[PDB]
């Protein structure tokens, strides 16, 4: 039901911008360290933010340290780990804390499965875990069942499926709540939210933005509750250059 996106905001309208990273601003790569957001795209994102009082944020599943590496030399307001990490316009961070016993126990369980299944990668994010299987898609059902068992035994953890990944996150964390936290703070408050995403984690953000009277944009293929659709990452790049230089 999503319609092709044909709104190109004027550079200085009353919008608040929210951008996913992987699959949205940078192309999918076999390993996260190979991902790059081109320098021109970052300048366009920085120029878009400056003309909208700084109301532009990156809402990603990655940790904030990885986002700062990808966005260097620019420093944006961020939401990391699907909302469990957030940094507002003043640089103040908001972090969800899990008990040290839970993180230590769940990593030991996952590591004992992931050493013996070739091609899978266990990513530790402090208060969350990502089970990558892009290089061995045969292991999808086993990893999904493994995370389901983890989230039933530790109720403080919740499941977050993604593209070639099965993630485990603190319960109550989602990109919709991360966007909500920004939308009550300056300079985002008072503006119309725009959110551009590509994966299942972004659906929670699409939902809140739709109800808020904003603009939700799905990137790529797949069913979505987002109202609008862009075909690929280069179409995000082209749209982003169209906002700046009509």
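Numbering follows the first chain given and starts at 1.
In this entry, the higher average B-factor at the C-alpha atoms falls on 110-118, of the pair 134-142 and 110-118.
Per-stretch averaging of Cα B factors for 76-84 and 91-99 places 91-99 on top. In this PDB entry, residue 155 carries a Cα temperature factor that places it within the highest third of its chain's modelled residues.
For residue 235, the recorded CA B-factor ranks within the middle third of the chain. Only modelled residues enter the ranking. Among the modelled residues of its chain, residue 226 has a C-alpha B-factor that falls in the middle third, as given in the PDB entry. Annotation for residue 149: CA B-factor lies in the highest third of the chain's modelled residues. Per the deposited record, the Cα B-factor of residue 189 falls in the highest third when ranked against the other modelled residues of its chain.
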